[PDB]
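Asks: Input structure: input_1.cif, which contains mmCIF, C-alpha atoms and all ligand atoms.
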```
data_my_file
#
loop_
_atom_site.label_atom_id
_atom_site.label_comp_id
_atom_site.auth_asym_id
_atom_site.auth_seq_id
_atom_site.Cartn_x
_atom_site.Cartn_y
_atom_site.Cartn_z
CA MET A 1 83.19 81.49 15.74
CA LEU A 2 84.32 81.76 12.14
CA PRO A 3 87.79 82.96 11.75
CA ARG A 4 87.73 86.71 10.99
CA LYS A 5 89.66 88.86 8.52
CA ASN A 6 89.26 92.16 6.61
CA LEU A 7 90.05 91.33 2.96
CA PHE A 8 87.65 93.61 1.04
CA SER A 9 89.16 96.94 2.17
CA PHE A 10 92.34 95.98 0.23
CA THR A 11 93.29 98.66 -2.35
CA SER A 12 96.08 98.70 -4.93
CA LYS A 13 97.50 100.13 -8.08
CA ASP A 14 98.00 96.65 -9.44
CA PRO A 15 94.85 95.27 -10.98
CA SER A 16 95.57 91.64 -10.17
CA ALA A 17 96.66 92.09 -6.49
CA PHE A 18 93.18 91.66 -5.10
CA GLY A 19 92.49 88.35 -6.82
CA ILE A 20 95.92 87.12 -5.71
CA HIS A 21 95.07 88.23 -2.14
CA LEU A 22 91.78 86.42 -2.14
CA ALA A 23 93.11 83.20 -3.56
CA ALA A 24 95.96 83.28 -0.88
CA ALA A 25 93.35 83.81 1.85
CA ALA A 26 91.18 81.00 0.42
CA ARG A 27 94.14 78.59 0.72
CA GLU A 28 94.06 79.41 4.47
CA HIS A 29 90.22 79.28 5.01
CA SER A 30 87.36 79.05 2.51
CA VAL A 31 84.71 80.48 4.88
CA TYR A 32 85.54 83.44 7.16
CA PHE A 33 83.76 86.43 8.56
CA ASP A 34 84.82 89.59 6.86
CA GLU A 35 84.80 92.46 9.34
CA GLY A 36 84.79 95.13 6.56
CA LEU A 37 81.65 93.58 4.90
CA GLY A 38 80.04 92.46 8.16
CA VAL A 39 79.15 88.98 6.92
CA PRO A 40 80.49 85.49 6.43
CA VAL A 41 82.18 85.02 3.00
CA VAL A 42 82.76 81.90 0.95
CA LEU A 43 85.92 82.01 -1.01
CA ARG A 44 86.80 78.65 -2.64
CA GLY A 45 85.38 78.14 -6.09
CA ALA A 46 84.05 74.65 -5.33
CA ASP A 47 82.24 75.89 -2.25
CA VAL A 48 80.82 78.85 -4.11
CA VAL A 49 79.53 76.59 -6.97
CA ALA A 50 78.01 74.22 -4.41
CA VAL A 51 76.13 77.07 -2.70
CA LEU A 52 74.89 78.38 -6.06
CA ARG A 53 73.70 74.83 -6.99
CA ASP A 54 71.57 74.41 -3.82
CA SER A 55 69.02 77.16 -4.20
CA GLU A 56 66.56 75.66 -1.66
CA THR A 57 69.04 75.92 1.21
CA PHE A 58 70.70 79.12 -0.08
CA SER A 59 67.96 81.42 -1.36
CA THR A 60 67.75 84.92 -2.76
CA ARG A 61 65.45 86.09 0.07
CA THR A 62 67.78 89.00 0.95
CA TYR A 63 67.11 90.58 -2.44
CA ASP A 64 63.27 90.51 -1.92
CA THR A 65 62.82 94.03 -0.62
CA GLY A 66 62.06 97.51 -1.79
CA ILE A 67 61.90 98.02 -5.52
CA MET A 68 63.31 94.54 -6.05
CA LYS A 69 60.38 92.85 -4.28
CA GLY A 70 58.88 90.00 -6.35
CA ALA A 71 61.46 90.48 -9.17
CA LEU A 72 63.09 87.69 -11.21
CA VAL A 73 66.16 87.18 -9.03
CA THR A 74 64.03 86.79 -5.83
CA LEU A 75 62.04 83.92 -7.34
CA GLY A 76 62.61 80.18 -6.95
CA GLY A 77 60.75 77.10 -8.18
CA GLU A 78 58.15 77.40 -10.83
CA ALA A 79 57.73 81.10 -10.49
CA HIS A 80 61.35 81.57 -11.58
CA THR A 81 61.15 79.09 -14.40
CA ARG A 82 58.15 80.81 -16.00
CA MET A 83 59.53 84.39 -15.70
CA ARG A 84 63.00 83.26 -16.72
CA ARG A 85 61.55 81.85 -19.97
CA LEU A 86 60.14 85.29 -20.82
CA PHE A 87 63.51 86.98 -20.13
CA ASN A 88 65.37 84.35 -22.14
CA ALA A 89 63.09 85.04 -25.10
CA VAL A 90 63.77 88.73 -25.15
CA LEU A 91 67.53 88.26 -24.95
CA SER A 92 67.92 85.42 -27.47
CA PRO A 93 70.63 85.45 -30.21
CA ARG A 94 68.25 86.77 -32.86
CA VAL A 95 67.33 89.73 -30.53
CA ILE A 96 70.94 90.37 -29.63
CA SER A 97 71.97 90.63 -33.27
CA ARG A 98 68.94 92.80 -34.07
CA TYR A 99 69.93 95.32 -31.42
CA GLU A 100 73.53 95.10 -32.31
CA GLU A 101 72.63 96.53 -35.65
CA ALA A 102 69.74 98.82 -34.68
CA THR A 103 70.99 100.18 -31.35
CA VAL A 104 74.40 99.33 -29.93
CA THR A 105 76.48 100.03 -33.08
CA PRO A 106 74.91 103.45 -33.68
CA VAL A 107 75.39 104.36 -30.01
CA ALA A 108 78.99 103.07 -29.97
CA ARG A 109 79.70 105.10 -33.13
CA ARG A 110 78.38 108.28 -31.49
CA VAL A 111 80.36 107.62 -28.29
CA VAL A 112 83.60 106.97 -30.16
CA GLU A 113 83.03 109.95 -32.55
CA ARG A 114 83.07 112.28 -29.54
CA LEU A 115 86.65 111.28 -28.78
CA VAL A 116 87.96 111.77 -32.27
CA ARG A 117 89.53 115.21 -31.92
CA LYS A 118 90.86 114.64 -28.46
CA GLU A 119 94.34 113.99 -27.18
CA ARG A 120 93.44 112.18 -23.96
CA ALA A 121 90.47 110.51 -22.42
CA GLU A 122 89.40 109.23 -19.15
CA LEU A 123 87.65 106.16 -20.66
CA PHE A 124 85.53 105.37 -17.58
CA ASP A 125 83.62 108.67 -17.91
CA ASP A 126 84.13 108.95 -21.72
CA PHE A 127 83.28 105.33 -22.77
CA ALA A 128 82.37 102.89 -19.96
CA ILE A 129 79.62 105.15 -18.62
CA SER A 130 78.63 106.68 -22.03
CA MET A 131 77.83 103.30 -23.58
CA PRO A 132 75.04 102.23 -21.23
CA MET A 133 73.74 105.81 -20.97
CA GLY A 134 73.11 105.80 -24.75
CA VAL A 135 72.15 102.14 -25.07
CA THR A 136 69.58 101.90 -22.33
CA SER A 137 67.40 104.82 -23.53
CA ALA A 138 67.60 103.60 -27.15
CA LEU A 139 66.71 100.02 -26.28
CA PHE A 140 63.71 101.04 -24.28
CA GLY A 141 62.26 103.97 -26.32
CA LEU A 142 63.19 106.56 -23.69
CA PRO A 143 63.63 110.05 -25.03
CA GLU A 144 67.06 111.40 -25.70
CA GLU A 145 66.22 114.70 -23.93
CA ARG A 146 65.66 112.83 -20.64
CA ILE A 147 69.05 110.89 -20.58
CA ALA A 148 70.55 112.92 -17.66
CA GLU A 149 67.32 112.95 -15.67
CA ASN A 150 66.97 109.23 -16.15
CA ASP A 151 70.61 108.58 -15.27
CA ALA A 152 69.96 110.27 -11.93
CA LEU A 153 66.71 108.36 -11.42
CA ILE A 154 68.36 105.01 -12.11
CA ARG A 155 71.35 105.80 -9.83
CA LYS A 156 68.86 106.60 -7.09
CA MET A 157 67.08 103.23 -7.67
CA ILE A 158 70.41 101.46 -7.54
CA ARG A 159 71.39 103.29 -4.32
CA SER A 160 68.13 102.08 -2.71
CA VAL A 161 69.08 98.42 -3.52
CA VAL A 162 72.46 98.96 -1.94
CA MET A 163 71.04 100.66 1.20
CA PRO A 164 68.00 98.46 1.91
CA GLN A 165 68.04 99.66 5.52
CA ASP A 166 67.83 103.43 5.18
CA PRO A 167 64.14 104.35 4.89
CA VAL A 168 64.81 107.83 3.31
CA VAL A 169 67.05 106.38 0.63
CA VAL A 170 64.59 103.51 -0.02
CA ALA A 171 61.85 106.13 -0.15
CA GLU A 172 63.90 108.10 -2.73
CA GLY A 173 64.45 104.84 -4.70
CA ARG A 174 60.67 104.28 -4.55
CA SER A 175 59.89 107.72 -5.94
CA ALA A 176 62.50 107.47 -8.70
CA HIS A 177 61.09 104.08 -9.55
CA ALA A 178 57.61 105.51 -9.87
CA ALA A 179 58.79 108.30 -12.22
CA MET A 180 60.55 105.78 -14.43
CA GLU A 181 57.44 103.57 -14.27
CA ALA A 182 55.31 106.45 -15.55
CA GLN A 183 57.59 107.12 -18.50
CA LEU A 184 57.73 103.38 -19.27
CA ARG A 185 53.93 102.90 -18.85
CA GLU A 186 53.35 105.65 -21.30
CA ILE A 187 55.72 104.04 -23.77
CA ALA A 188 54.30 100.52 -23.13
CA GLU A 189 50.69 101.72 -23.64
CA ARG A 190 51.61 103.20 -27.10
CA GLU A 191 52.78 99.73 -28.21
CA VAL A 192 49.13 98.42 -28.45
CA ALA A 193 48.22 100.77 -31.37
CA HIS A 194 51.79 101.49 -32.64
CA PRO A 195 54.03 98.49 -31.99
CA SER A 196 57.64 99.70 -32.16
CA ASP A 197 60.90 98.17 -33.23
CA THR A 198 62.51 98.58 -29.77
CA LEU A 199 63.43 96.02 -27.25
CA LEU A 200 60.63 97.37 -25.01
CA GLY A 201 58.49 96.50 -28.03
CA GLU A 202 59.71 92.85 -28.19
CA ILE A 203 59.04 92.60 -24.43
CA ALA A 204 55.44 93.81 -24.74
CA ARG A 205 54.92 91.13 -27.36
CA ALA A 206 56.67 88.37 -25.36
CA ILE A 207 54.47 89.10 -22.34
CA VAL A 208 51.49 88.18 -24.50
CA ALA A 209 53.21 84.93 -25.84
CA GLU A 210 53.54 83.70 -22.22
CA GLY A 211 50.01 85.05 -21.51
CA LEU A 212 51.10 87.50 -18.81
CA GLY A 213 49.83 91.04 -18.00
CA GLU A 214 53.51 90.67 -15.25
CA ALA A 215 53.89 94.25 -16.44
CA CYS A 216 56.04 95.31 -19.33
CA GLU A 217 57.43 98.10 -17.13
CA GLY A 218 58.39 95.49 -14.63
CA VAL A 219 60.46 93.49 -17.08
CA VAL A 220 62.14 96.65 -18.45
CA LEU A 221 63.00 97.97 -14.97
CA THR A 222 64.54 94.62 -14.11
CA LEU A 223 66.70 94.83 -17.21
CA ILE A 224 67.64 98.47 -16.47
CA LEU A 225 68.69 97.74 -12.89
CA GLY A 226 70.60 94.65 -13.92
CA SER A 227 72.55 96.37 -16.73
CA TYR A 228 72.95 100.09 -16.13
CA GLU A 229 75.93 100.03 -13.80
CA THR A 230 77.19 96.47 -14.39
CA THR A 231 77.82 97.30 -18.00
CA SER A 232 80.10 100.22 -17.08
CA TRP A 233 82.27 98.10 -14.69
CA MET A 234 82.60 95.32 -17.30
CA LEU A 235 83.62 97.80 -19.93
CA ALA A 236 85.92 99.53 -17.51
CA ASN A 237 87.85 96.36 -16.64
CA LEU A 238 87.99 95.24 -20.26
CA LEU A 239 89.64 98.45 -21.16
CA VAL A 240 92.02 98.03 -18.15
CA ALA A 241 92.96 94.56 -19.38
CA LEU A 242 93.53 95.73 -22.89
CA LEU A 243 95.42 98.97 -22.14
CA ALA A 244 97.55 97.15 -19.53
CA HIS A 245 98.67 94.48 -22.13
CA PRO A 246 100.10 96.13 -25.06
CA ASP A 247 101.33 92.71 -26.44
CA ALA A 248 97.67 91.60 -26.43
CA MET A 249 96.47 94.86 -27.92
CA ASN A 250 98.97 94.28 -30.76
CA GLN A 251 97.72 90.75 -31.40
CA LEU A 252 94.08 92.07 -31.48
CA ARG A 253 94.94 94.62 -34.15
CA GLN A 254 96.46 91.89 -36.30
CA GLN A 255 93.44 89.58 -35.62
CA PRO A 256 90.21 91.41 -34.67
CA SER A 257 88.14 88.19 -34.34
CA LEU A 258 90.08 87.36 -31.18
CA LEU A 259 88.22 90.10 -29.31
CA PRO A 260 85.45 87.82 -27.87
CA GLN A 261 87.89 85.43 -26.33
CA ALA A 262 89.98 88.42 -25.12
CA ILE A 263 86.85 89.59 -23.39
CA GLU A 264 86.38 86.22 -21.70
CA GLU A 265 89.98 86.41 -20.44
CA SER A 266 89.39 90.04 -19.15
CA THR A 267 86.50 88.76 -17.17
CA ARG A 268 88.72 86.07 -15.53
CA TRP A 269 91.82 88.22 -14.97
CA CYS A 270 89.88 91.30 -13.79
CA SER A 271 86.20 90.55 -13.12
CA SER A 272 84.04 93.51 -12.13
CA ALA A 273 81.62 91.37 -10.12
CA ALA A 274 83.06 90.89 -6.67
CA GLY A 275 80.28 88.90 -5.09
CA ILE A 276 76.69 88.08 -4.50
CA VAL A 277 74.64 87.32 -1.49
CA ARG A 278 72.49 84.30 -0.31
CA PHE A 279 70.12 83.69 2.65
CA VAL A 280 70.65 80.48 4.65
CA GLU A 281 67.17 78.97 4.88
CA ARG A 282 68.21 75.98 7.04
CA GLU A 283 71.40 75.38 9.06
CA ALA A 284 74.19 74.18 6.84
CA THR A 285 77.88 73.62 6.81
CA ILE A 286 80.31 74.79 4.13
CA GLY A 287 84.04 74.40 4.44
CA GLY A 288 83.55 73.06 7.95
CA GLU A 289 82.00 76.08 9.38
CA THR A 290 78.45 76.16 10.58
CA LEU A 291 76.03 78.54 9.15
CA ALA A 292 72.90 79.09 11.22
CA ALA A 293 69.48 79.34 9.53
CA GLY A 294 69.05 83.09 8.98
CA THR A 295 72.67 83.92 8.07
CA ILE A 296 73.41 86.35 5.23
CA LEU A 297 76.27 84.79 3.16
CA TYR A 298 78.54 86.54 0.65
CA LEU A 299 80.04 84.51 -2.24
CA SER A 300 83.27 85.63 -3.82
CA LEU A 301 82.99 85.58 -7.60
CA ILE A 302 86.71 86.42 -7.90
CA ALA A 303 88.76 83.96 -5.83
CA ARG A 304 88.14 81.03 -8.31
CA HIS A 305 89.60 83.12 -11.09
CA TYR A 306 92.97 83.26 -9.24
CA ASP A 307 93.09 79.46 -8.15
CA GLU A 308 96.22 78.10 -10.04
CA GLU A 309 94.70 74.60 -9.96
CA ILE A 310 91.92 75.83 -12.16
CA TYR A 311 93.67 78.44 -14.26
CA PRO A 312 97.46 78.05 -14.44
CA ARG A 313 99.58 81.20 -14.09
CA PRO A 314 96.28 82.93 -13.15
CA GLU A 315 98.04 86.27 -12.68
CA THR A 316 98.95 86.33 -16.36
CA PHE A 317 96.52 87.84 -18.93
CA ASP A 318 96.53 85.46 -21.94
CA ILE A 319 94.18 86.14 -24.83
CA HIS A 320 94.80 82.61 -26.01
CA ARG A 321 93.74 81.01 -22.74
CA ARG A 322 90.08 80.58 -23.79
CA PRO A 323 89.01 80.20 -20.16
CA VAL A 324 85.64 78.76 -19.08
CA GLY A 325 83.84 78.43 -15.74
CA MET A 326 84.24 82.05 -14.62
CA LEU A 327 81.83 83.27 -11.90
CA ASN A 328 81.36 86.89 -13.15
CA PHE A 329 77.82 86.10 -14.33
CA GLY A 330 77.10 83.78 -11.40
CA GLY A 331 76.02 80.15 -11.73
CA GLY A 332 72.96 77.98 -11.38
CA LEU A 333 69.35 79.10 -11.41
CA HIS A 334 70.07 82.80 -11.36
CA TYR A 335 72.97 82.84 -13.87
CA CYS A 336 72.89 86.29 -15.49
CA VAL A 337 70.16 86.44 -18.13
CA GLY A 338 71.77 89.56 -19.49
CA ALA A 339 75.18 88.03 -20.28
CA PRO A 340 74.46 87.98 -24.07
CA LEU A 341 73.83 91.76 -24.07
CA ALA A 342 76.88 92.46 -21.91
CA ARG A 343 79.12 90.40 -24.17
CA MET A 344 77.79 91.96 -27.29
CA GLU A 345 78.00 95.54 -26.04
CA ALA A 346 81.57 94.95 -24.91
CA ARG A 347 82.51 93.51 -28.29
CA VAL A 348 80.81 96.20 -30.34
CA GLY A 349 81.97 99.14 -28.30
CA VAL A 350 85.52 98.04 -27.88
CA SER A 351 85.98 96.98 -31.49
CA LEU A 352 84.90 100.43 -32.66
CA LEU A 353 87.14 102.22 -30.17
CA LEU A 354 90.17 100.06 -31.13
CA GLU A 355 89.73 100.47 -34.84
CA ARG A 356 89.30 104.24 -34.53
CA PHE A 357 92.32 104.84 -32.27
CA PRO A 358 95.25 102.85 -33.65
CA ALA A 359 97.49 104.53 -30.99
CA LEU A 360 95.24 103.89 -27.98
CA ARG A 361 97.29 103.35 -24.82
CA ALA A 362 97.64 103.74 -21.18
CA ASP A 363 98.58 107.21 -19.90
CA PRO A 364 101.83 106.79 -17.92
CA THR A 365 101.26 109.84 -15.68
CA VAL A 366 98.16 108.76 -13.76
CA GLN A 367 98.08 105.78 -11.40
CA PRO A 368 94.51 104.51 -11.05
CA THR A 369 93.54 102.74 -7.77
CA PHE A 370 91.66 99.35 -7.77
CA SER A 371 89.20 98.62 -5.01
CA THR A 372 85.86 97.02 -4.26
CA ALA A 373 84.24 100.39 -3.85
CA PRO A 374 85.60 102.37 -6.81
CA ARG A 375 83.74 105.73 -6.81
CA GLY A 376 81.50 104.02 -4.16
CA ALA A 377 80.12 101.51 -6.70
CA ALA A 378 79.37 97.90 -5.82
CA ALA A 379 81.99 96.49 -8.20
CA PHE A 380 85.65 95.65 -8.41
CA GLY A 381 87.49 98.06 -10.61
CA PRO A 382 89.58 101.24 -11.24
CA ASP A 383 88.82 104.74 -10.13
CA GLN A 384 89.62 105.99 -13.59
CA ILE A 385 91.01 104.80 -16.93
CA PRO A 386 93.42 107.43 -18.16
CA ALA A 387 94.29 107.00 -21.83
CA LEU A 388 96.29 108.57 -24.61
CA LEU A 389 94.67 108.70 -27.98
CA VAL A 390 97.25 110.13 -30.43
CA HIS A 391 100.66 109.29 -32.19
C1 LIG B 1 77.79 93.70 -17.61
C2 LIG B 1 78.02 92.77 -16.74
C3 LIG B 1 77.11 92.00 -15.94
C4 LIG B 1 77.54 91.31 -14.82
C5 LIG B 1 78.99 91.27 -14.31
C6 LIG B 1 76.34 90.74 -14.28
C7 LIG B 1 76.35 89.89 -13.24
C8 LIG B 1 75.25 89.18 -12.74
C9 LIG B 1 75.32 88.17 -11.73
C10 LIG B 1 76.56 87.78 -10.90
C11 LIG B 1 74.05 87.70 -11.53
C12 LIG B 1 73.64 86.59 -10.57
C13 LIG B 1 72.93 87.20 -9.35
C14 LIG B 1 72.73 86.21 -8.25
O1 LIG B 1 72.87 84.96 -8.49
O2 LIG B 1 72.62 86.62 -7.07
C15 LIG B 1 73.21 88.32 -12.50
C16 LIG B 1 71.86 88.13 -12.64
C17 LIG B 1 71.09 88.92 -13.45
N1 LIG B 1 71.56 89.85 -14.30
FE1 LIG B 1 73.38 90.38 -14.71
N2 LIG B 1 75.30 90.99 -15.10
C18 LIG B 1 75.65 91.87 -16.04
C19 LIG B 1 74.87 92.35 -17.09
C20 LIG B 1 73.48 92.29 -17.10
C21 LIG B 1 72.70 92.90 -18.13
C22 LIG B 1 73.36 93.65 -19.27
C23 LIG B 1 71.42 92.62 -17.76
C24 LIG B 1 70.17 92.98 -18.47
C25 LIG B 1 70.16 93.12 -19.79
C26 LIG B 1 71.42 91.90 -16.53
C27 LIG B 1 70.36 91.35 -15.85
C28 LIG B 1 70.45 90.37 -14.87
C29 LIG B 1 69.21 89.76 -14.32
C30 LIG B 1 67.78 90.13 -14.63
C31 LIG B 1 69.62 88.87 -13.42
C32 LIG B 1 68.76 87.90 -12.60
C33 LIG B 1 68.68 86.59 -13.36
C34 LIG B 1 67.82 85.54 -12.66
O3 LIG B 1 67.58 85.58 -11.41
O4 LIG B 1 67.32 84.56 -13.31
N3 LIG B 1 72.74 91.65 -16.20
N4 LIG B 1 73.99 89.22 -13.25
MG MG B 2 80.51 80.50 -17.99
#
```
Write out the structure in this file as structure tokens.

Replies:
Amino acid sequence: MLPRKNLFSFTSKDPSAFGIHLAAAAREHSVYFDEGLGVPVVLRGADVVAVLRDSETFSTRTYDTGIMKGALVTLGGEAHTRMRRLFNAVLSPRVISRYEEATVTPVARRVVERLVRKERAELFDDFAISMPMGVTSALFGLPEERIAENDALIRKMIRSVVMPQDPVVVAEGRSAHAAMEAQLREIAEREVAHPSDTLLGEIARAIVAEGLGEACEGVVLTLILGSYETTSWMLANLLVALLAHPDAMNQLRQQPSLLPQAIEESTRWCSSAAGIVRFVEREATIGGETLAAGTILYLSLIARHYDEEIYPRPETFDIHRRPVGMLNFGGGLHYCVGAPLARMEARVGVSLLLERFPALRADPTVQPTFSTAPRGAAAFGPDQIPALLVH
């Protein structure tokens, strides 16, 4: 018997209360069975890093189902190394800067332009969502007239990865996947005679450089599923961090090149990634508790961020902290391959929003709530981001 607690149902109006709560609980026990999640959880940063380091004992087997079967994150050993090299090549710094100029800036400009005559915004709906809706179709040569349809298809895929059990929902994921696959096949087949300038174009060419033909559609769908919702929760909590710290927002105006390190601090102070899951391949012990072969284990990617031994005054948002060793993108073998795109999109989007709305600030009349199921999503974050845009 693990000790048992219910820490993930915690809600609050204070964005830092949950990380405080987890770090307090971790002082009491690192490993505990969370009755709200239904699984054992590892809290302490050192235990989480240790689990992530030992991929042979703690695998990604639980992910290897439905539309995720055989995908990058499910892979270990040599299989992962080979496929990971392909992904790394299509998200390298040259590619990131290329798509900064060709795709993300134009999209960010359009998104921000829409707000220009308005007095208020709810920046989750009006920015955090809008960014990846525009960026994903543009990156992958998907038609503008299908953006809503494809949003619904992707949300259905994502639902199926969250509800691996339910065979109707999985079945709906599977169908949505096949419609996306058909659009993306059609686009990928055109690349042979008419190579494009899109990212889906660089992928089709990288598949050949590694001698694969691994489907182009496959790579693209992995990137879509890994970015489409994550991006919105990262943007959402960046905006929270900025709008909640008018002293910091003042410093950023004075010195715009501080934005990247401000982003790094937003990801420590208010990470959107609550946790990830591992499969215990052979009995092991972590923080003194025994974990039977076959256990499904949840790793907190937040508690480390609030451990005062690692980050002093962790409750305080400091844009000069320059923190490292955050867990928001994971650690080890499966460390997020998309992190360069996420960082860039956050920087580009937010810089454009800030420069366009000198008066941008929190709206004092609405009290967002923070939870680990905001609007049902698998994230940590606010239910809305009410802002004032004028004077
Ligand atoms: C915006 C914020 C993002 C966050 C917070 C996030 C977080 C994560 C985390 C925690 C993992 C590790 C999963 C595990 O170890 O179980 C991961 C892996 C991954 N992420 Fe992200 N990510 C984000 C953006 C993206 C983007 C933009 C892409 C695609 C462009 C993407 C694609 C992936 C892929 C493919 C993997 C698997 C990597 C591997 O197994 O080698 N992510 N991400
Ligand atoms: Mg790091």

Asks: When you count all atoms listed in the file, which of these residues is closest to residue 208 in chain A: A:25, A:86, A:17, A:390?

Replies: A:86

Asks: Between A:142, A:169, A:235, A:161, which is the closest to residue 199 in chain A once you count only C-alpha atoms?

Replies: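 Under the stated criterion, the closest residue is A:142.
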
Asks: Would you mind listing what lies within 10 Å of residue 230 in chain A as a PyMOL selection string, with only C-alpha atoms counted and same-chain residues fewer than 4 positions away left out?

Replies: chain A and resi 128-129+132+224-226+234-236+272-273+342+377-379

Asks: Please identify the residues whose atoms come within 8 Å of ligand MG 2 (chain B), using only C-alpha atoms and all ligand atoms, and report them as a list in words.

Replies: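 Going residue by residue within 8 Å of ligand MG 2 (chain B), we get residues 324, 325, 326, 327, 329 and 331 of chain A.
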
Asks: Using only C-alpha atoms for the distances, tell me which of A:41, A:333, A:291, A:203 is nearest to residue 56 in chain A.

Replies: A:333

Asks: Write out, as CSV, each residue of chain A that has an atom at most 6 Å from ligand LIG 1 (chain B), together with the closest pair of atoms and their distance in Å to one decimal, counting all atoms listed in the file, rows going by chain and rising number.

Replies:
```
residue,atom,partner,partner_atom,distance
A:72,CA,B:LIG1,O3,5.0
A:73,CA,B:LIG1,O3,3.2
A:84,CA,B:LIG1,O4,5.7
A:222,CA,B:LIG1,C30,5.6
A:223,CA,B:LIG1,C24,4.1
A:226,CA,B:LIG1,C27,3.8
A:227,CA,B:LIG1,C21,3.7
A:230,CA,B:LIG1,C1,4.3
A:231,CA,B:LIG1,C1,3.6
A:234,CA,B:LIG1,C1,5.1
A:272,CA,B:LIG1,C5,5.9
A:273,CA,B:LIG1,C5,4.9
A:276,CA,B:LIG1,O2,5.0
A:277,CA,B:LIG1,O2,6.0
A:328,CA,B:LIG1,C5,5.1
A:329,CA,B:LIG1,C10,4.0
A:330,CA,B:LIG1,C10,4.1
A:334,CA,B:LIG1,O3,3.7
A:335,CA,B:LIG1,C12,5.0
A:336,CA,B:LIG1,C16,3.5
A:337,CA,B:LIG1,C33,5.0
A:338,CA,B:LIG1,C23,3.5
A:339,CA,B:LIG1,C19,5.4
A:341,CA,B:LIG1,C22,5.2
A:342,CA,B:LIG1,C22,4.6
```

Asks: Rank nothing, just name the residue among A:134, A:164, A:143, A:349 nearest to residue 105 in chain A, using only C-alpha atoms.

Replies: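 Ranked by minimum distance to residue 105 in chain A, first place goes to A:349.
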
Asks: Quick one, how far is CA of residue 263 in chain A from CA of residue 249 in chain A?

Replies: 11.9 Å

Asks: List the residues sitting within 10 Å of (72.0, 103.7, -5.4) in the file's frame, using all atoms listed in the file, as a PyMOL selection string.

Replies: chain A and resi 152-164+169-170+172-173+229+376-378

Asks: Counting all atoms listed in the file, which of A:283, A:149, A:34, A:264 gets nearest to residue 320 in chain A?

Replies: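 Residue with the minimum atom-to-atom distance to residue 320 in chain A: A:264.
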
Asks: Calculate how many Å separate CA of residue 192 in chain A from CA of residue 147 in chain A, rounding to one decimal.

Replies: 24.8 Å

Asks: Within 9 Å of residue 187 in chain A, counting only C-alpha atoms, which residues show up once you throw out same-chain ones fewer than 5 positions away? Write them as a PDB file with C-alpha atoms, in the frame of the given file, please.

Replies:
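Written output follows (result-v5.pdb):
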```
ATOM      1  CA  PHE A 140      63.710 101.040 -24.280  1.00  0.00           C
ATOM      2  CA  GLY A 141      62.260 103.970 -26.320  1.00  0.00           C
ATOM      3  CA  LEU A 142      63.190 106.560 -23.690  1.00  0.00           C
ATOM      4  CA  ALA A 182      55.310 106.450 -15.550  1.00  0.00           C
ATOM      5  CA  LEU A 200      60.630  97.370 -25.010  1.00  0.00           C
TER       6      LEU A 200
END
```

Asks: Excluding same-chain residues fewer than 6 positions from residue 266 in chain A, what lies within 10 Å of it counting all atoms listed in the file, as a ChimeraX atom specification?

Replies: /A:234-235,237-242,260,272,317-319,323

Asks: Would you list the contacts of residue 311 in chain A as a list in words, taking every protein, DNA or RNA residue within 10 Å and counting only C-alpha atoms, but skipping same-chain residues closer than 5 positions in sequence?

Replies: residues 268, 269, 304, 305, 306, 316, 321, 323, 324 and 325 of chain A

Asks: Find the residues of range 107-226 of chain A that sit at most 12 Å from range 362-368 of chain A; for each, write down the nearest two atoms and how far apart they are in Å, to one decimal. Count all atoms listed in the file. Sort by chain, then by number going up, and give it as CSV.

Replies:
```
residue,atom,partner,partner_atom,distance
A:119,CA,A:363,CA,10.8
A:120,CA,A:363,CA,8.2
A:121,CA,A:363,CA,9.1
A:122,CA,A:363,CA,9.4
A:123,CA,A:362,CA,10.3
A:124,CA,A:368,CA,11.1
```

Asks: Can you work out the spacing between CA of residue 302 in chain A and CA of residue 314 in chain A in Å, to one decimal?

Replies: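 CA of residue 314 in chain A lies 11.5 Å from CA of residue 302 in chain A.
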
Asks: Nearest to residue 61 in chain A among A:190, A:82, A:278, A:21, with distances taken over all atoms listed in the file: which residue is it?

Replies: A:278

Asks: Is there a way to complete range 325-331 of chain A with N, CA and C atoms and then write that out as an mmCIF file, in the frame of the given file?

Replies:
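Below is the file result21.cif, written as the result:
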```
data_model
loop_
_atom_site.group_PDB
_atom_site.id
_atom_site.type_symbol
_atom_site.label_atom_id
_atom_site.label_comp_id
_atom_site.auth_asym_id
_atom_site.auth_seq_id
_atom_site.Cartn_x
_atom_site.Cartn_y
_atom_site.Cartn_z
ATOM 1 N N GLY A 325 84.187 78.707 -17.103
ATOM 2 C CA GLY A 325 83.840 78.430 -15.740
ATOM 3 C C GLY A 325 84.042 79.622 -14.809
ATOM 4 N N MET A 326 84.176 80.795 -15.403
ATOM 5 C CA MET A 326 84.240 82.050 -14.620
ATOM 6 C C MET A 326 82.915 82.285 -13.861
ATOM 7 N N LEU A 327 82.951 83.068 -12.782
ATOM 8 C CA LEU A 327 81.830 83.270 -11.900
ATOM 9 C C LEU A 327 81.239 84.666 -12.060
ATOM 10 N N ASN A 328 81.777 85.445 -12.987
ATOM 11 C CA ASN A 328 81.360 86.890 -13.150
ATOM 12 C C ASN A 328 79.889 87.036 -13.398
ATOM 13 N N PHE A 329 79.242 86.060 -14.068
ATOM 14 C CA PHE A 329 77.820 86.100 -14.330
ATOM 15 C C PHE A 329 77.090 85.136 -13.386
ATOM 16 N N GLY A 330 77.754 84.673 -12.327
ATOM 17 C CA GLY A 330 77.100 83.780 -11.400
ATOM 18 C C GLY A 330 77.111 82.351 -11.915
ATOM 19 N N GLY A 331 76.129 81.592 -11.443
ATOM 20 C CA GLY A 331 76.020 80.150 -11.730
ATOM 21 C C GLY A 331 74.733 79.583 -11.197
#
```
